[PDB]
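Notes follow once the structure below has been shown.
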Amino acid sequence: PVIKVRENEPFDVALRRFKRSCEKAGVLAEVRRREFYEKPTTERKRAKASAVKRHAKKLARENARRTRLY
Amino acid sequence: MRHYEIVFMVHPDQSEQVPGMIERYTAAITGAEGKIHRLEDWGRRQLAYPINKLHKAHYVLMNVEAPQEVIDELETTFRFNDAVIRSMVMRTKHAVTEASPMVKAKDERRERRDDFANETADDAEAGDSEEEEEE
Amino acid sequence: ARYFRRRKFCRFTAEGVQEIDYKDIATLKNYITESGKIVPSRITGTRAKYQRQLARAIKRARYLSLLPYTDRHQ
Amino acid sequence: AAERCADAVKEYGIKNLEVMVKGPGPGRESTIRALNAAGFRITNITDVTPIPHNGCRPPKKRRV
Amino acid sequence: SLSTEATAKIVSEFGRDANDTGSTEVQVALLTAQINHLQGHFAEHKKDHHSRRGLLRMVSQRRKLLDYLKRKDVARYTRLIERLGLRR
RNA sequence: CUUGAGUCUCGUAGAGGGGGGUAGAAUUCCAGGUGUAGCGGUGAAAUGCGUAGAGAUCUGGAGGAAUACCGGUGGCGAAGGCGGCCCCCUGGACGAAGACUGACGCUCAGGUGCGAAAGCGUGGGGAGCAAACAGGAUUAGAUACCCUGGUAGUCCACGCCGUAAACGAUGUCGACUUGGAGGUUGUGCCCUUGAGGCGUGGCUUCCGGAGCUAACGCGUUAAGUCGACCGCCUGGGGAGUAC
C-alpha cells in the first residue's frame, strides 16, 4: 500500500502511479476468485470487446496517423 | 564418472570446527579416484530469514570430479546430519579457471544483498579472506 | 577496420556466454527490486534465453535464504 | 479513529510514532495526516501487508 | 535407452560396411538393446507414459525392420532372432 | 539406385514424463503475553464474533495445501495437458556438418493403449476454499442470486466405465505452391557488414494478393490445388430414447 520510500512521509507528495501490491492491482484477478488456468489471457481479449470507449479512441489515433491525415 | 559442484552449511558455533570436515570429505573423494577442482569457504553468512531460530549459518563450497556414488552417499549423509544444516548440490559442473570466483560474490552477499537478521560484524570473521585482486 | 561498438549483452561472444549462475550473487543484486522480485527482459536489456537463466539464479539464491523474496523478513 | 487512538495513548506520555500499514481499506493516509496534526510525531512510513508465494485458494463473493 | 559407448560397441562389429550406421540388422540390434533397458526403466517408473510410448515406437519399428529382413531373406532374419535371443 | 524412408555420429533448446527431495513466503489453527470494548457482513444488514477478555498487536508452537515474481499470442508435450528451488532416472523434438543403409515407405476398418473436470470403489489426510447440510438476509415469494456457518470433495497411495464448447471447431500423411511484418530458435560464414548481419533451417503470433468463398472470411501452417487411405452427414420432433 505505502511501500518503503524515498518520499517525504507520503500522504503529502501526490505520487499515485505505482503505490499498490494487490489493491486495485493486476494480481487481484485470481486473488478473491477461483483458480482458472486459461481465463486470465482469454479475459483480456473478451473484456476489450465490451470496453469499446477506450478501444475506439486508440484505434482512431493509430489509423489516422497511418494514413498521413493527422 | 561425473563432474560436480557442492554447497553445504554448518552452524556458527562450528565455523572453526569445519576444517576437520573438509579434510574427511577430501579424503573420501580422493579415496574414490576423484579430485578437487576448487575449494572455498564462504564463512558465516547472514540469512534473509533465521534457519532453526538463528539468523546466521556457515557456508562452504567444494567443486570436484568424483564418482556419482560418493556424491549420492555424501549428499544423503548431510541430509541425515544435524550439524550440517542445509545444502545445495548441482550436477555436471567444474570450477572456474579463476581462483576464488565465488568468494568475490560471498563478499557482496555479506555487504549489500541479504536482510542481516543478525549483525554483519560476527559472521564476516569466517572462511576465505576477500583478497579481491585474485578473484 | 575491425570490431564495432556492441550493445548490452549483444554483438559479442564474451558476455552472457554461459548461463547466469546462482553462486554469482553479485550480478544478481543488480537485477532485483526492493521486495527481492525478478525484473523482466524489457528492462534488463536481455532476451528470452538470458531471462530464463536470470530468473533461475535469482530463485536458487532466495531458497538458499541469501536473497530477499518478499517485502517482509524476520 | 486515528485521533481517538492518539487520545487512547495520551496517558502513557507517548508522542513519537512511526507507522506500519496493512489491508485494502482506505484508512491508510488520512489517518497519518490527522495523527501528525493531532500533536503526535510521525517519522517513518513502511508497509507491512503480508503477500504469499501463491498460497491457498481464495474465497468467492458475489461470483467474483 | 542406451549409452553412446554401448551404441558404439553395437556397430563396432555389426554393420554391412566400414562406418555403416544404416544396415537393417544393426538398427534392430540397437533397437533391441534400447527396448531391454527401457522396459526395465518403465518397470519402476510405472506412470511414465512418455517412455511407454517411446518403447512402443521402438518395438513396432524393430518388428517392421525384422519384416524388411524376412522380406529379403528369411534365413538372415531368423539368424538375427538367434543373435538377439528374441521370443520363446 | 539414393533422392522417399530409416539410422548413428555431432551441434542444441525446452513449464515434456516418472521417482524422490527442499527453501522460503503466506492463509489457517493452538497457547500465552500486551491491551481494552469493541469486532464483523451487506445496498442496509441480519445471522455471526466480544468483555467467561474479542478486534489489533508481539512472541512460541502446530497443520495441510500451493508455488508471488519471472510471464510473452513465449517455451515444451500425442492429444489430455505441462509453471517455486535441488538430485536421480527418463521419452520426445529441433539443427550447421559427417556419413551409412538401400523404397526398408504411407494410411488404416476392426483392435489396443492414452484420454481436462466431474464421478465412484478402496485406504490415508482434513490449511484453504466449498456441492450437500444448517442458519441469516432480500423479495410479493426465494426452497435462488446475497451473507453468517460448513461436511463431503480436493490433496496423498491403489484400483474402475469414460466423458467434455477433448472449439486452434478444419480426419491422417504427402507433394505443389502470391507477398509482407512481429516473436522464438537451431546454424555456416564474415567487414561479427551497423546494429551482429546475411543466407539457411525449425516453430509460432499478426497481416494479406490470388485462389477458394451461402457468408464470416479463410487465405501457401489455405476454409486453396492435387493424390492415397480412413471417419461423419442426408428435413424437424420422437431419440443415443427405446429394445
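Residues in the C-alpha cells are numbered from 1 in each chain, the chains being A, B, ... in the order shown, and ligands are numbered from 1 in the order shown.
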(Q) Could you work out which residues of chain B fall inside 9 Å of chain C? Count only C-alpha atoms, and format the result as an NGL selection string. (A) :B and (45-51 or 55 or 86-88 or 101-102 or 104-109 or 112-115 or 117)
(Q) Env of stretch 12-22 of chain B: 8 Å cut, atoms = only C-alpha atoms (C1' of nucleotides), seq-sep filter 5 positions within chain, self excluded. Answer as a list in words. (A)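 Contacts, with the query itself left out: residues 43, 44, 56, 57, 58, 123, 126 and 127 of chain B.
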Q.
DSSP on the backbone, alpha helix (DSSP H) only: what residues of chain A does that give? Format it as a count of residues only.
A. 27
Q) Could you name the residues that touch stretch 14-29 of chain E at 8 Å or less, counting only C-alpha atoms (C1' of nucleotides), but leaving out those on the same chain fewer than 2 positions away, as a ChimeraX atom specification? A) /E:10-12,31-33,62,65-66,68-69,80,84 /F:6-8,99-101,104
Q: Enumerate as a list in words all residues of chain D assigned to strand (DSSP E or B) by DSSP on the backbone, naming them with the chain letters and numbers the document uses.
A: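 Put together, the selection reads residues 16, 19, 20, 21, 41, 45, 46 and 47 of chain D.
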Give me, as a PDB file with C-alpha atoms, in the first residue's frame, the residues of chain B touching chain F, with the criterion being at most 8 Å (counting only C-alpha atoms (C1' of nucleotides)).
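Saved file selection26.pdb follows:
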ATOM      1  CA  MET B  88      22.679 -27.453  -2.374  1.00  0.00           C
ATOM      2  CA  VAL B  89      24.052 -29.899  -4.940  1.00  0.00           C
ATOM      3  CA  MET B  90      24.370 -29.387  -8.673  1.00  0.00           C
ATOM      4  CA  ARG B  91      25.003 -31.852 -11.466  1.00  0.00           C
TER       5      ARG B  91
END
Q.
Quick check, in Å to one decimal: how far apart do atom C1' of residue F:13 and atom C1' of residue F:81 lie?
A.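 Atom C1' of residue F:13 sits 20.6 Å away from atom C1' of residue F:81.
Residue nearest residue E:57 within the list F:197, F:150, F:17, F:91: F:91 [criterion: smallest interatomic distance, only C-alpha atoms (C1' of nucleotides)].
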Q: Considering only C-alpha atoms, extract the chain D residues located within 9 Å of chain C and return them as a list in words.
A: residues 47, 48, 49, 50, 51, 52 and 53 of chain D
Q: Go through F:113, F:80, F:63, F:33 and flag the residue nearest chain E, using only C-alpha atoms (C1' of nucleotides) for the distances.
A: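 Closest to chain E of all the choices is F:113.
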Q. To one decimal place, how far is atom CA of residue C:3 from atom CA of residue B:133 in Å?
A. 28.9 Å
Neighbour list for stretch 31-41 of chain D as a CSV table (one decimal) with N, CA, C and O atoms, in the first residue's frame, cut-off 10 Å, only C-alpha atoms (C1' of nucleotides), skip fewer than 6 positions in-chain:
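Final file, out29.csv:
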chain,number,residue,atom,x,y,z
A,9,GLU,N,7.4,11.4,3.9
A,9,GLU,CA,6.3,10.9,4.8
A,9,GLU,C,5.0,10.9,4.0
A,9,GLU,O,4.1,11.7,4.2
A,10,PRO,N,4.9,10.1,2.9
A,10,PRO,CA,3.9,10.2,1.9
A,10,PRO,C,2.5,9.9,2.4
A,10,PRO,O,2.0,8.8,2.5
A,11,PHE,N,1.8,11.1,2.4
A,11,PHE,CA,0.4,11.3,2.3
A,11,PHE,C,0.3,12.7,1.7
A,11,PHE,O,-0.8,13.1,1.2
A,12,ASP,N,1.4,13.5,1.7
A,12,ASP,CA,1.5,14.9,1.2
A,12,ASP,C,2.4,15.0,-0.1
A,12,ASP,O,2.7,16.2,-0.4
D,1,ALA,N,-10.8,7.8,13.8
D,1,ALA,CA,-10.2,6.7,14.6
D,1,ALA,C,-8.7,6.9,14.9
D,1,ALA,O,-8.3,6.5,16.0
D,2,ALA,N,-7.9,7.5,14.1
D,2,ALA,CA,-6.5,7.9,14.3
D,2,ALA,C,-6.4,8.9,15.4
D,2,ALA,O,-5.4,8.8,16.2
D,3,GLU,N,-7.3,9.8,15.5
D,3,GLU,CA,-7.3,10.9,16.5
D,3,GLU,C,-7.7,10.3,17.9
D,3,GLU,O,-7.1,10.6,18.9
D,4,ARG,N,-8.8,9.4,17.9
D,4,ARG,CA,-9.3,8.7,19.0
D,4,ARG,C,-8.2,7.7,19.6
D,4,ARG,O,-8.2,7.4,20.8
D,5,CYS,N,-7.3,7.2,18.7
D,5,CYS,CA,-6.2,6.4,19.1
D,5,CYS,C,-5.0,7.2,19.6
D,5,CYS,O,-4.3,6.7,20.5
D,6,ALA,N,-4.7,8.4,19.1
D,6,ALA,CA,-3.8,9.3,19.7
D,6,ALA,C,-4.2,9.7,21.1
D,6,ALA,O,-3.4,9.7,22.0
D,7,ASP,N,-5.5,9.9,21.3
D,7,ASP,CA,-6.1,10.2,22.6
D,7,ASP,C,-6.0,8.9,23.5
D,7,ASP,O,-5.6,9.1,24.7
D,10,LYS,N,-2.3,8.9,24.8
D,10,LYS,CA,-2.1,10.2,25.5
D,10,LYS,C,-1.6,10.1,27.0
D,10,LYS,O,-0.8,11.0,27.4
D,14,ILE,N,3.4,9.0,25.6
D,14,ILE,CA,4.0,8.8,24.2
D,14,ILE,C,3.6,10.0,23.4
D,14,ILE,O,2.5,10.6,23.6
D,15,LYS,N,4.5,10.4,22.5
D,15,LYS,CA,4.2,11.4,21.4
D,15,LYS,C,4.8,11.0,20.1
D,15,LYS,O,4.2,11.2,19.1
D,16,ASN,N,5.9,10.2,20.1
D,16,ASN,CA,6.6,9.8,18.9
D,16,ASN,C,6.1,8.5,18.4
D,16,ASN,O,6.2,7.5,19.0
D,17,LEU,N,5.8,8.5,17.1
D,17,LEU,CA,5.4,7.3,16.3
D,17,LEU,C,6.3,7.1,15.1
D,17,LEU,O,6.8,8.1,14.5
D,18,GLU,N,6.5,5.9,14.7
D,18,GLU,CA,6.5,5.6,13.2
D,18,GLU,C,5.3,4.7,12.9
D,18,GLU,O,4.6,4.3,13.8
D,19,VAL,N,5.1,4.4,11.6
D,19,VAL,CA,3.8,3.9,11.1
D,19,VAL,C,4.1,2.7,10.2
D,19,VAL,O,4.9,2.6,9.3
Find the nearest atom pair between each residue of stretch 16-56 of chain D and stretch 23-27 of chain A for residues within 10 Å, count only C-alpha atoms, give distances in Å to one decimal, sort rows by chain and ascending number, and present the table as a Markdown table.
| residue | atom | partner | partner_atom | distance |
| --- | --- | --- | --- | --- |
| D:23 | CA | A:23 | CA | 8.6 |
| D:24 | CA | A:23 | CA | 5.7 |
| D:25 | CA | A:23 | CA | 8.7 |
Q: Output the contact residues of chain A with respect to chain C at a cut-off of 12 Å, based on only C-alpha atoms, as a ChimeraX atom specification.
A: /A:1-6,21
Each residue of chain F with at least one atom at most 12 Å from chain C should appear once, together with its nearest atom pair and the corresponding distance in Å (one decimal); atoms considered: only C-alpha atoms (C1' of nucleotides); ordering: chain, then increasing residue number; output as a Markdown table.
| residue | atom | partner | partner_atom | distance |
| --- | --- | --- | --- | --- |
| F:13 | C1' | C:49 | CA | 9.1 |
| F:14 | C1' | C:49 | CA | 10.7 |
| F:15 | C1' | C:52 | CA | 11.2 |
| F:22 | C1' | C:63 | CA | 8.6 |
| F:23 | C1' | C:63 | CA | 4.3 |
| F:24 | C1' | C:63 | CA | 5.8 |
| F:25 | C1' | C:70 | CA | 7.2 |
| F:26 | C1' | C:70 | CA | 10.4 |
| F:67 | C1' | C:59 | CA | 11.7 |
| F:68 | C1' | C:70 | CA | 8.6 |
| F:69 | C1' | C:37 | CA | 5.0 |
| F:70 | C1' | C:55 | CA | 5.8 |
| F:71 | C1' | C:40 | CA | 8.5 |
| F:72 | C1' | C:48 | CA | 8.9 |
| F:74 | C1' | C:48 | CA | 8.0 |
| F:75 | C1' | C:48 | CA | 9.6 |
| F:84 | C1' | C:59 | CA | 7.4 |
| F:85 | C1' | C:60 | CA | 5.5 |
| F:86 | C1' | C:60 | CA | 8.8 |
| F:183 | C1' | C:48 | CA | 10.4 |
| F:184 | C1' | C:48 | CA | 8.4 |
| F:185 | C1' | C:49 | CA | 9.5 |
| F:190 | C1' | C:2 | CA | 10.7 |
| F:191 | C1' | C:2 | CA | 6.6 |
| F:192 | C1' | C:11 | CA | 6.5 |
| F:193 | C1' | C:4 | CA | 10.2 |
| F:194 | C1' | C:4 | CA | 7.7 |
| F:195 | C1' | C:6 | CA | 7.8 |
| F:196 | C1' | C:11 | CA | 4.7 |
| F:197 | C1' | C:11 | CA | 9.9 |
Q. What does the distance from atom CA of residue B:10 to atom CA of residue B:60 come to in Å, to one decimal?
A.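 Spanning atom CA of residue B:10 to atom CA of residue B:60 is a straight-line distance of 8.5 Å.
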(Q) Using only C-alpha atoms (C1' of nucleotides) and a distance of at most 12 Å, pull out the residues of chain F that contact chain D, as a ChimeraX atom specification. (A) /F:23-28,35-36,41-42,56-57,64-69,83-84,127-130,145-147,154
